[PDB]
Structure formats: structure tokens, C-alpha cells
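Chemist: See run-v5.csv below, with CSV, C-alpha atoms.
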chain,number,residue,atom,x,y,z
A,1,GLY,CA,0.8,-27.1,-8.8
A,2,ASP,CA,-2.6,-25.7,-10.0
A,3,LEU,CA,-2.4,-22.3,-8.4
A,4,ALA,CA,1.2,-21.7,-9.5
A,5,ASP,CA,0.2,-22.6,-13.1
A,6,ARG,CA,-2.8,-20.2,-13.0
A,7,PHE,CA,-0.6,-17.4,-11.8
A,8,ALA,CA,1.9,-18.1,-14.5
A,9,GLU,CA,-0.8,-17.9,-17.1
A,10,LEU,CA,-1.8,-14.5,-15.7
A,11,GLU,CA,1.8,-13.4,-16.3
A,12,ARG,CA,1.8,-14.7,-19.9
A,13,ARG,CA,-1.6,-13.1,-20.7
A,14,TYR,CA,-0.8,-9.7,-19.3
A,15,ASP,CA,2.9,-9.7,-20.2
A,16,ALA,CA,3.6,-8.9,-16.5
A,17,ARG,CA,5.4,-10.0,-13.4
A,18,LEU,CA,3.0,-10.9,-10.6
A,19,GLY,CA,3.6,-11.3,-6.9
A,20,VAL,CA,1.1,-12.8,-4.4
A,21,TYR,CA,1.2,-13.4,-0.7
A,22,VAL,CA,-1.5,-14.6,1.6
A,23,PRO,CA,-0.3,-15.7,5.1
A,24,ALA,CA,-1.2,-19.1,6.4
A,25,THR,CA,-4.0,-19.3,9.0
A,26,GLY,CA,-4.9,-22.1,11.4
A,27,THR,CA,-6.8,-23.8,8.6
A,28,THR,CA,-5.2,-22.5,5.3
A,29,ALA,CA,-1.7,-22.8,3.9
A,30,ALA,CA,0.1,-19.7,2.7
A,31,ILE,CA,-0.5,-18.7,-0.9
A,32,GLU,CA,2.9,-17.6,-2.4
A,33,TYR,CA,3.9,-16.5,-5.9
A,34,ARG,CA,7.1,-14.6,-6.3
A,35,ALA,CA,6.3,-13.7,-2.7
A,36,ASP,CA,9.9,-12.9,-1.8
A,37,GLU,CA,10.8,-11.0,-4.9
A,38,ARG,CA,11.1,-7.2,-4.6
A,39,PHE,CA,8.5,-5.0,-6.1
A,40,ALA,CA,8.1,-1.2,-5.8
A,41,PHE,CA,5.9,-0.1,-3.0
A,42,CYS,CA,4.4,2.8,-4.9
A,43,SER,CA,1.6,4.3,-2.8
A,44,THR,CA,1.1,1.1,-0.7
A,45,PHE,CA,3.6,2.6,1.8
A,46,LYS,CA,1.1,5.2,2.7
A,47,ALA,CA,-0.8,2.8,4.9
A,48,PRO,CA,2.2,2.0,7.2
A,49,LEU,CA,3.3,5.6,7.0
A,50,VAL,CA,0.0,6.7,8.6
A,51,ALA,CA,0.5,3.9,11.2
A,52,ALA,CA,4.0,5.3,12.0
A,53,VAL,CA,2.7,8.8,12.5
A,54,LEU,CA,-0.2,7.5,14.6
A,55,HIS,CA,2.2,5.3,16.7
A,56,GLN,CA,4.9,8.0,17.3
A,57,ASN,CA,2.5,10.7,18.7
A,58,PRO,CA,-0.5,11.3,21.0
A,59,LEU,CA,-4.0,11.6,19.5
A,60,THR,CA,-3.9,15.4,19.9
A,61,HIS,CA,-1.0,15.5,17.4
A,62,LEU,CA,-3.6,14.8,14.7
A,63,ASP,CA,-4.7,18.4,15.2
A,64,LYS,CA,-1.2,19.9,14.6
A,65,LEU,CA,-1.3,22.3,11.6
A,66,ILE,CA,1.3,21.8,8.9
A,67,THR,CA,1.9,24.6,6.4
A,68,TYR,CA,3.6,24.3,3.0
A,69,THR,CA,3.6,26.1,-0.4
A,70,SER,CA,2.8,25.2,-4.0
A,71,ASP,CA,6.5,24.6,-4.6
A,72,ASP,CA,6.1,21.6,-2.2
A,73,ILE,CA,3.6,20.0,-4.6
A,74,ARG,CA,5.7,17.8,-6.9
A,75,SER,CA,3.4,14.9,-7.2
A,76,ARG,CA,-0.3,14.1,-7.8
A,77,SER,CA,-1.9,15.7,-4.7
A,78,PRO,CA,-5.7,16.1,-5.1
A,79,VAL,CA,-6.2,17.3,-1.5
A,80,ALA,CA,-3.0,19.2,-0.7
A,81,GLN,CA,-3.5,21.3,-3.8
A,82,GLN,CA,-6.5,22.9,-2.2
A,83,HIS,CA,-4.9,23.8,1.1
A,84,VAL,CA,-1.6,25.6,0.3
A,85,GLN,CA,-2.8,28.8,2.0
A,86,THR,CA,-4.3,27.2,5.2
A,87,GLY,CA,-2.1,24.2,5.7
A,88,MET,CA,-3.5,20.8,6.7
A,89,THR,CA,-3.6,19.0,10.0
A,90,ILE,CA,-1.7,15.8,10.5
A,91,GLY,CA,-5.1,14.1,10.7
A,92,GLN,CA,-6.2,15.6,7.4
A,93,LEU,CA,-2.9,14.6,5.8
A,94,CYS,CA,-3.4,11.0,6.9
A,95,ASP,CA,-6.9,11.0,5.4
A,96,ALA,CA,-5.6,12.4,2.1
A,97,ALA,CA,-2.6,10.0,2.0
A,98,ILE,CA,-4.8,6.9,2.4
A,99,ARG,CA,-8.1,7.9,0.7
A,100,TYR,CA,-6.7,10.0,-2.3
A,101,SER,CA,-3.2,8.6,-2.3
A,102,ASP,CA,-2.2,12.2,-2.1
A,103,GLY,CA,1.6,12.5,-2.8
A,104,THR,CA,2.3,15.8,-1.0
A,105,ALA,CA,0.4,14.6,2.0
A,106,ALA,CA,2.7,11.5,2.2
A,107,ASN,CA,5.8,13.8,1.9
A,108,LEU,CA,4.6,16.0,4.7
A,109,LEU,CA,3.9,13.0,6.9
A,110,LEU,CA,7.4,11.7,6.1
A,111,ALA,CA,8.8,15.1,7.2
A,112,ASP,CA,6.7,15.0,10.4
A,113,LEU,CA,8.0,11.5,11.1
A,114,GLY,CA,11.7,11.9,10.3
A,115,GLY,CA,12.3,15.6,9.8
A,116,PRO,CA,13.5,17.2,6.5
A,117,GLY,CA,15.9,14.6,5.1
A,118,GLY,CA,15.1,11.8,7.6
A,119,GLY,CA,11.6,10.8,6.6
A,120,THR,CA,12.2,7.8,4.4
A,121,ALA,CA,14.8,6.4,6.9
A,122,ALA,CA,12.3,6.9,9.8
A,123,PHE,CA,9.5,5.3,7.8
A,124,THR,CA,11.8,2.3,7.0
A,125,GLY,CA,12.6,2.2,10.7
A,126,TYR,CA,9.0,1.9,11.7
A,127,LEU,CA,8.7,-1.2,9.4
A,128,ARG,CA,11.8,-2.6,11.2
A,129,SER,CA,10.0,-2.0,14.5
A,130,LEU,CA,7.3,-4.3,13.1
A,131,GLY,CA,9.8,-7.1,12.3
A,132,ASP,CA,10.0,-6.2,8.6
A,133,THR,CA,13.7,-6.4,7.9
A,134,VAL,CA,13.4,-6.4,4.1
A,135,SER,CA,11.4,-3.4,2.9
A,136,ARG,CA,13.1,-0.1,2.2
A,137,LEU,CA,12.0,3.4,1.3
A,138,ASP,CA,14.7,5.6,-0.1
A,139,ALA,CA,13.0,8.5,-2.0
A,140,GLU,CA,10.0,10.6,-1.5
A,141,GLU,CA,7.1,11.3,-3.9
A,142,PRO,CA,7.2,11.2,-6.8
A,143,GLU,CA,10.6,9.6,-7.3
A,144,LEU,CA,9.7,6.5,-5.2
A,145,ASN,CA,7.3,5.4,-8.0
A,146,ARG,CA,9.9,5.8,-10.8
A,147,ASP,CA,13.0,3.6,-9.9
A,148,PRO,CA,14.3,1.4,-12.7
A,149,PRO,CA,13.3,-2.3,-12.7
A,150,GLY,CA,15.8,-4.4,-10.7
A,151,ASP,CA,16.7,-1.5,-8.3
A,152,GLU,CA,16.1,-2.4,-4.6
A,153,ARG,CA,15.3,1.2,-3.7
A,154,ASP,CA,11.7,1.9,-2.7
A,155,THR,CA,10.8,-1.8,-2.7
A,156,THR,CA,9.0,-4.3,-0.5
A,157,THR,CA,8.0,-7.9,-1.2
A,158,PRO,CA,4.4,-9.3,-1.2
A,159,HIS,CA,5.4,-11.4,1.8
A,160,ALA,CA,6.9,-8.5,3.8
A,161,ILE,CA,4.1,-6.0,3.2
A,162,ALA,CA,1.4,-8.6,3.9
A,163,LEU,CA,3.0,-9.3,7.3
A,164,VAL,CA,3.2,-5.5,8.0
A,165,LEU,CA,-0.4,-4.9,7.1
A,166,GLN,CA,-1.3,-8.0,9.2
A,167,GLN,CA,0.4,-6.5,12.3
A,168,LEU,CA,-1.2,-3.1,11.8
A,169,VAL,CA,-4.7,-4.2,11.1
A,170,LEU,CA,-5.0,-7.6,12.8
A,171,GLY,CA,-2.4,-7.3,15.5
A,172,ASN,CA,-1.4,-4.9,18.3
A,173,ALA,CA,1.2,-2.7,16.7
A,174,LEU,CA,-1.2,0.2,17.3
A,175,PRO,CA,-3.5,0.7,20.4
A,176,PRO,CA,-7.1,0.0,19.3
A,177,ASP,CA,-8.1,3.6,19.0
A,178,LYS,CA,-5.2,4.3,16.6
A,179,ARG,CA,-5.8,1.0,14.8
A,180,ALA,CA,-9.4,1.9,14.1
A,181,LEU,CA,-8.4,5.3,12.5
A,182,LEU,CA,-6.0,3.5,10.1
A,183,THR,CA,-8.7,0.8,9.4
A,184,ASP,CA,-11.4,3.4,8.9
A,185,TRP,CA,-9.4,5.5,6.4
A,186,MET,CA,-8.6,2.3,4.4
A,187,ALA,CA,-12.3,1.4,4.5
A,188,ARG,CA,-13.2,4.8,3.0
A,189,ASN,CA,-10.5,4.7,0.3
A,190,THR,CA,-11.4,6.1,-3.2
A,191,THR,CA,-9.0,4.1,-5.5
A,192,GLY,CA,-9.2,0.3,-4.9
A,193,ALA,CA,-12.6,-0.8,-6.2
A,194,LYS,CA,-11.2,-2.5,-9.3
A,195,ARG,CA,-8.3,-4.4,-7.5
A,196,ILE,CA,-8.5,-7.0,-4.7
A,197,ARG,CA,-12.1,-5.8,-3.9
A,198,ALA,CA,-13.0,-6.9,-7.5
A,199,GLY,CA,-11.9,-10.5,-6.8
A,200,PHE,CA,-13.9,-11.1,-3.6
A,201,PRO,CA,-17.7,-11.7,-3.3
A,202,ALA,CA,-19.8,-8.8,-2.0
A,203,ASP,CA,-20.5,-10.4,1.4
A,204,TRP,CA,-16.7,-10.3,2.1
A,205,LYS,CA,-15.4,-7.1,3.7
A,206,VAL,CA,-12.3,-5.6,2.0
A,207,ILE,CA,-10.1,-2.7,3.1
A,208,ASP,CA,-7.1,-1.8,1.0
A,209,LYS,CA,-4.4,0.6,-0.1
A,210,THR,CA,-3.4,0.7,-3.8
A,211,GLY,CA,-0.2,1.6,-5.5
A,212,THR,CA,0.5,2.5,-9.1
A,213,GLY,CA,3.7,3.7,-10.8
A,214,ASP,CA,6.0,3.6,-13.8
A,215,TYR,CA,6.9,0.4,-15.6
A,216,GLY,CA,3.2,-0.6,-15.5
A,217,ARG,CA,3.4,-1.0,-11.7
A,218,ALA,CA,0.1,-1.8,-10.0
A,219,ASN,CA,-0.2,-3.1,-6.4
A,220,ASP,CA,-2.9,-3.6,-3.8
A,221,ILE,CA,-2.7,-4.6,-0.2
A,222,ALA,CA,-5.8,-5.6,1.7
A,223,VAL,CA,-7.3,-7.2,4.7
A,224,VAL,CA,-10.5,-9.2,3.9
A,225,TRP,CA,-13.1,-10.8,6.1
A,226,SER,CA,-15.2,-13.7,5.2
A,227,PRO,CA,-19.0,-13.6,5.7
A,228,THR,CA,-18.5,-15.2,9.1
A,229,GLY,CA,-15.7,-12.7,10.1
A,230,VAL,CA,-12.6,-14.8,9.3
A,231,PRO,CA,-9.7,-12.5,8.4
A,232,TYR,CA,-7.1,-12.9,5.7
A,233,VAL,CA,-4.4,-10.6,4.4
A,234,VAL,CA,-3.8,-10.3,0.7
A,235,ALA,CA,-0.9,-8.6,-1.1
A,236,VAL,CA,-0.8,-8.5,-4.9
A,237,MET,CA,2.0,-6.7,-6.7
A,238,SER,CA,2.7,-6.4,-10.4
A,239,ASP,CA,4.8,-4.6,-13.0
A,240,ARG,CA,5.1,-4.7,-16.8
A,241,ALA,CA,8.7,-3.5,-17.0
A,242,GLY,CA,9.2,-5.1,-20.5
A,243,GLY,CA,7.0,-2.3,-21.8
A,244,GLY,CA,9.3,0.5,-20.4
A,245,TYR,CA,8.6,3.3,-18.0
A,246,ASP,CA,5.3,4.2,-19.7
A,247,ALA,CA,4.0,0.6,-19.8
A,248,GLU,CA,0.3,0.5,-19.0
A,249,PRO,CA,-0.6,-0.8,-15.5
A,250,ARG,CA,-3.3,-3.5,-15.5
A,251,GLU,CA,-5.6,-3.4,-12.5
A,252,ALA,CA,-7.5,-6.4,-13.9
A,253,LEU,CA,-4.4,-8.5,-13.3
A,254,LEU,CA,-4.7,-7.8,-9.6
A,255,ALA,CA,-8.5,-8.5,-9.6
A,256,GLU,CA,-7.8,-11.8,-11.3
A,257,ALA,CA,-5.1,-12.8,-8.9
A,258,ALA,CA,-7.5,-11.9,-6.1
A,259,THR,CA,-10.2,-14.0,-7.6
A,260,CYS,CA,-7.8,-17.0,-7.6
A,261,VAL,CA,-7.2,-16.4,-3.9
A,262,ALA,CA,-10.9,-15.9,-3.1
A,263,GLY,CA,-11.6,-19.3,-4.9
A,264,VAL,CA,-9.1,-21.0,-2.5
A,265,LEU,CA,-10.4,-19.3,0.6
A,266,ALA,CA,-14.1,-19.9,-0.2
Reformat the file's structure so that it appears as C-alpha cells.

Modeler:
Amino acid sequence: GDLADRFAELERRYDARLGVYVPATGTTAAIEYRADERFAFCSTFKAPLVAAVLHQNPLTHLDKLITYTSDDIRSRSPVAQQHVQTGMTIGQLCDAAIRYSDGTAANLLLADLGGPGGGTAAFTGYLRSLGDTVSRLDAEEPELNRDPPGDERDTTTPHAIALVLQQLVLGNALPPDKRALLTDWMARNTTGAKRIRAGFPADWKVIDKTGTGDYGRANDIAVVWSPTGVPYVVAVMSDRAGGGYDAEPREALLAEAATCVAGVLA
């Protein structure tokens, strides 16, 4: 119908593949467009990664110091760059991973979660513990952003990652104290202003984690709250694989998809 046609026009205009999922609520039907097609996580995985590390350990574990060297920085790492000599705490790594999408921070958290070699498997296992049987993480940073189109490695679906974020932020996957850390870090993020946030009116609260990658990949996952406090979860994923590995991502595509959703939820 109308919404499907609107989303299709976005795909034509941006020369992109778009995926959208918004779970049903008691008064709204699910919004679904390519919701069960796989799309690369890119940095969206960092949100559930932090949740996994929070869940697996006591609060005092956030103060554990992790050391590393400049040879460990193999991805865009705006925070970890500055702390090679000192190390960073698990807590500082979580902050960096969410708020700066720091790649080395995410790799170090993976290693904390699953050991050397076992991180991506352990991360995927955490998603399994949340009832996500579809998503998979296979490589670390930066390779996870760079898989060829069609490859199932390092992919989720709008549907799957929406339900994950829903459990983490709106459900009881984490105890409230841990849930609030995750939520707060997402609230203070420095990369999502032009994505789902840009599709919702200013009196709606939005917290999000972005992802960006090769093949014009641009994703955003969010929880939003209406002016009266009614929550919804919004996943928007995109790629422009037709343009090749260096295709330009289009944040505006996500903002527009979000505007369509906001129009329905208003």
C-alpha cells in the first residue's frame, strides 16, 4: 500500500536498498520493508556488544584496565588512539564504542567478552540469549564493515536488530542499573543527529546507534519516545551496493525513512 510505495520511491531516488522495521505496539501495526532481508550490521553491533559486556560482569568490571598497542589500532578509533600508553577501562571502552563508534574499543570489548579468537562468536551468542536466532558477527573491525553484498557474514535484519534493541532498552535483558548505562551512552552519542533523529519532531526523545560501511552502507537503530512517553523501536538499514565498495552512503535516506515512520506514529 501507501507506505510500501513511499519506501520503494526512496529506493529509486537514492539508488539504494532500504530496510525498515518498527515492532507493533498495542495500538500500532508493525512497519516492515525488507524487514527480514540481511543487511550488514556495521557499527550498530556496538550497542548490543556493550550490553553483552555489561551483562556478563559485575559493575566493578567497568574499572578493569585493558592495555593494547598502536598495532592493535586497525580501524577508525578516535578515543583508543589517545590511550595506547595508559590503556582504557572496560567502562571507557564502552563509552568510546557507543559514543564515537570507536573500532579498536569494540575489538577490545569483543576480546573481553570472548577472548582472543572467540569474541565474534560470544557476541553472536549474546544475541542468541536474547532470542535473536538470525544475526551473526563473524569478523572484527574493520573487516565486519567490508563484506561483499550478498554475503551473510556480519549481517542482521531490521526485524532482528529492532527486537534486540527493544529487549535491551525497553525490556529486562539487563538489570535497571546496567540498562541505564547503555541507554545513557546512546543518549550522548556523537554520530546519529542526521539519521533517525532527523525524522522525528523535537519533542520526541531519540537514542540511537549508527552504522556506516562499504557499498554505501548506512544504518541506524533507535528507541524513540513520543511527547507523552510512548516508546517505539526503529531500525533503518541501507546499502547502495550497485555503486561498488566505494559507493557513497546516504544518511538522508535514513532520515526520510524515519520521517515516514514518524508520520505514521504521530

Chemist: In terms of the shortest atom-to-atom distance over all atoms listed in the file, which of A:15, A:160, A:4, A:37 is closest to residue A:133?

Modeler: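 Using all atoms listed in the file, residue A:133 sits closest to A:160.
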
Chemist: Go ahead and compute the interatomic distance for atom CA of residue A:19 and atom CA of residue A:236, in Å to one decimal.

Modeler: 5.6 Å

Chemist: Could you check which of A:20, A:51, A:80, A:40 is closest to residue A:68, using all atoms listed in the file?

Modeler: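 So, comparing all the options, the nearest one is A:80.
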
Chemist: Near stretch 248-264 of chain A, counting only C-alpha atoms, which residues have an atom at most 9 Å away, once you skip same-chain residues fewer than 6 positions from it, shown as a ChimeraX atom specification?

Modeler: /A:3,6-7,10-11,14,16,18,20,22,28,31,194-201,212-220,234-240

Chemist: Measuring atom to atom with only C-alpha atoms, identify which of A:228, A:191, A:183, A:156 is nearest to residue A:203.

Modeler: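 Result for the nearest residue to residue A:203: A:228.
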
Chemist: Got a sec: who's within 9 Å of residue A:209, counting all atoms listed in the file, leaving out chain neighbours fewer than 4 positions off, as a list in words?

Modeler: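 Contacts, in chain order: residues 43, 44, 45, 46, 47, 98, 99, 101, 186, 189, 191, 192, 219, 220, 221 and 222 of chain A.
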
Chemist: Which is closest to residue A:165 among A:21, A:115, A:226, A:72, if we use all atoms listed in the file?

Modeler: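 Of the candidates, the smallest distance to residue A:165 is held by A:21.
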
Chemist: Excluding residue A:166 and residues on its chain fewer than 2 positions from it, collect all residues at most 10 Å away from it, counting only C-alpha atoms, and give them as a list in words.

Modeler: residues 23, 160, 161, 162, 163, 164, 168, 169, 170, 171, 172, 173, 222, 223, 231, 232, 233 and 234 of chain A

Chemist: Between atom CA of residue A:94 and atom CA of residue A:109, what is the distance, to one decimal in Å?

Modeler: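 Straight-line distance from atom CA of residue A:94 to atom CA of residue A:109 works out to 7.6 Å.
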
Chemist: I'd like to know which of A:142, A:1, A:58, A:118 is closest to residue A:90, using only C-alpha atoms.

Modeler: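 With only C-alpha atoms as the atom set, the closest residue is A:58.
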
Chemist: Could you state the separation of atom CA of residue A:53 and atom CA of residue A:104 in Å, given to one decimal place?

Modeler: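 If I compute the distance from atom CA of residue A:53 to atom CA of residue A:104, I get 15.2 Å.
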